[PDB]
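Both counts, for ligands and for their atoms, begin at 1 and track the order of listing. Position 1 is the first residue of the sequence; numbering continues from there.
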Amino acid sequence: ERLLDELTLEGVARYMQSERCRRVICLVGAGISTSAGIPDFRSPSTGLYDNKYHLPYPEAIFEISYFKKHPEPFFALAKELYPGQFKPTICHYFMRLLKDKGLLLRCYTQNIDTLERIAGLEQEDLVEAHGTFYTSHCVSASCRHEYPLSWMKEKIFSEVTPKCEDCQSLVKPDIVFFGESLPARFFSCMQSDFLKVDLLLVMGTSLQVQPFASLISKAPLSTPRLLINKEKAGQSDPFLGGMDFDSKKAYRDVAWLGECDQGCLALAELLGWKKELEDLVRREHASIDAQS
Ligand SMILES: Cc1cc(C)nc(SCC(=O)Nc2ncc(Cc3cccc4ccccc34)s2)n1
Ligand SMILES: [Zn+2]
């Protein structure tokens, strides 16, 4: 009774091009941006937090109340970690193709780098589960003046603590600090989207950070779930208690292990989309390289 004829990338592609598959939800994380030269900010082994701030504890750099009273460490770190270029990956442009072809219901992302937007996903297509640098707001509840990334970038590089032009309050990028809630939009969209989904495409996430990881359990029981990731992820934790790729009871979950770009390339090829994807990426990359 299962929807995939076989538990392979080939099976997923046949399903995608069948009448049964109309709405795809993508769940994406840091693994879709590493090939764009953006490291994984949640990892301690990427050396981003290797080093004067006098933090009452090392975690305070991520905490909202600390930020509000001592914003300088955050903004110094933001300058240090600011990417040299913003060129979305093959994986990002694969999602743009999903959008173009009327298959994209939603992209839920853990990333803050804005590459989904640069690749042409719109606000309505996105749930930025950990917020984004794309916009920043004055922290004063009575004001909330919104500032674009161009404005915020200028403040970060000039090492001027960003203050609101209307009220002189601190201006904070719309990323979710420890102590802040996840965006309201995350919960709203989750409630509706997973009633409507035909395929989950899970790319570049290890599914270890909650509540993002729990999204896979919101899929209907029949909905195929394809993981494209360097490592297998999402199975039940044998210590406590999921994806089932390999047991005799597996029926809908498929793992393609490798670089996300290569997995998306392989899937696009099966779909007859490889030329379209190559043409889109090369054109967009050229346009970004040519920014004058
Ligand atoms: C600075 C910048 C600007 C743009 C457009 N894109 C990037 S992507 C590269 C990157 O990893 N950067 C980062 N900026 C801040 C980081 C740590 C951090 C600290 C405190 C709170 C956090 C709240 C939520 C998330 C992280 C938080 S990592 N980086
Ligand atoms: Zn203000």
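- Looking at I175, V176, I38, it is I175 that brings a heavy atom closest to atom 27 (C) of ligand 1.
- Looking at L48 against ligand 1, nothing comes within 4.0 Å, counting heavy atoms.
- A salt bridge between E180 and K172 is present, with a side-chain N of the basic residue lying under 4.0 Å from a carboxylate O of the acidic one.
- Below 4.0 Å from some heavy atom of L149 lie the following atoms of ligand 1, by number and element: 5 (C).
- Just one residue in the list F67, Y66, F178 forms a ring-ring contact (aromatic ring centres under 6.0 Å, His included) with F74, and that residue is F67.
- Not one N, O or S atom of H145 sits under 2.8 Å from the Zn ion (ligand 2).
- Residue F74 has at least one heavy-atom neighbour below 4.0 Å for each of these atoms of ligand 1: 19 (C), 20 (C), 21 (C).
- For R22, the CZ atom is densely surrounded, since the number of other residues' heavy atoms within 6.0 Å is greater than 12.
- Of all the atoms in ligand 1, the ones that sit under 4.0 Å from a non-hydrogen atom of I61 are 20 (C).
- Shortest contact from atom 11 (O) of ligand 1 to any protein heavy atom: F41 CB, 3.6 Å.
- What sits closest to atom 18 (C) of ligand 1 on the protein, heavy atoms only, is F62 CD2, 3.8 Å.
- A donor-acceptor contact closer than 3.5 angstrom is absent between the side chains of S35 and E259.
- Applying the 6.0 Å contact sphere to CD of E59 captures more than 12 heavy atoms from other residues, nucleotides or ligands.
- The Zn ion (ligand 2) forms the vertex of an angle spanning SG of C164 and SG of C167; to the nearest 10 degrees it equals 110°.
- Neither the backbone nor the side chain of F178 comes within contact range of ligand 1; no heavy atom lies under 4.0 Å.
- Of the options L4, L200, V254, a side-chain contact (heavy atoms from CB on, under 4.5 Å) to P224 is made by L4 and by none of the others.
- Contact annotation for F86 and ligand 1: only side-chain heavy atoms (C-beta onward) come within less than 4.0 Å of the ligand.
- Counting protein heavy atoms only, atom 29 (N) of ligand 1 is closest to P83 CD, 3.5 Å.
- A salt bridge links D246 to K232: one of the charged nitrogens lies within less than 4.0 Å of a carboxylate oxygen.
- When all heavy atoms of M190 and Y108 are compared, the closest pair comes out as N-OH, 3.2 Å.
- Neither the backbone nor the side chain of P173 has a heavy atom within less than 4.0 Å of ligand 1.
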task = Any chance you could lay out the salt bridge (charged side-chain N to carboxylate O under 4.0 Å, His left out) test for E63 and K69, step after step, and finish with the verdict?
result = CA-CA 11 Å; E63 203 274 311; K69 66 173 155 197; over 6 Å; no

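- A salt bridge is defined here as a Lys NZ or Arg NE, NH1 or NH2 lying under 4.0 Å from an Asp or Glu carboxylate O, and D125 with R106 fails to meet this definition.
- Here atom 9 (C) of ligand 1 lies nearest to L81 when heavy atoms of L81, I156, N111, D174 are compared.
- The part of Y49 lying near ligand 1 is the side chain, judged by heavy-atom distances below 4.0 Å.
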